[PDB]
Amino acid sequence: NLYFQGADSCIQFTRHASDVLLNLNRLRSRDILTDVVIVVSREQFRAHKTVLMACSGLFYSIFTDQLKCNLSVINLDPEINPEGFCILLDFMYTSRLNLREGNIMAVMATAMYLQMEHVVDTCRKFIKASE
């Protein structure tokens, strides 16, 4: 079955969280209900504020601020690598992190800036493996 008896005796759906995330990524692909543009140098990325907040300490801080919560455009530090941001945005909507030898440093620096602790820790572990 697609469900099981949970620890609290309630029925839990095994694939529900991943199916929700898949549907949120489908909305992103079709630009449905996206409510912010993240600007990274000459690059623009449309997204859903709630997903960004759910994945990043920096976005959580920005969108819980009474002044910034209403902004439709967010400019990141111009030092941020757009490819590193793209890889992390894709991870937020899929659970899949496309780490490669050529992007791991940029991805790690971007995850540190975005306050994505588990991603930072994972990048550090993979870097340590080559060293």
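Quick note: we count residues from 1 along the sequence shown, nothing fancier.
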property: Given 47-55 and 96-104, the range whose Cα B-factors average higher in the PDB entry; result: 96-104
property: Comparing 73-81 with 22-30, the one whose average Cα B-factor in the PDB entry is higher; result: 73-81
property: Where the record places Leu67 (Cα B-factor, split into thirds across the chain); result: highest
property: Chain third (lowest, middle, highest) by recorded CA B-factor, residue given as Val119; result: middle
property: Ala109 CA temperature factor, ranked by third within the chain; result: middle
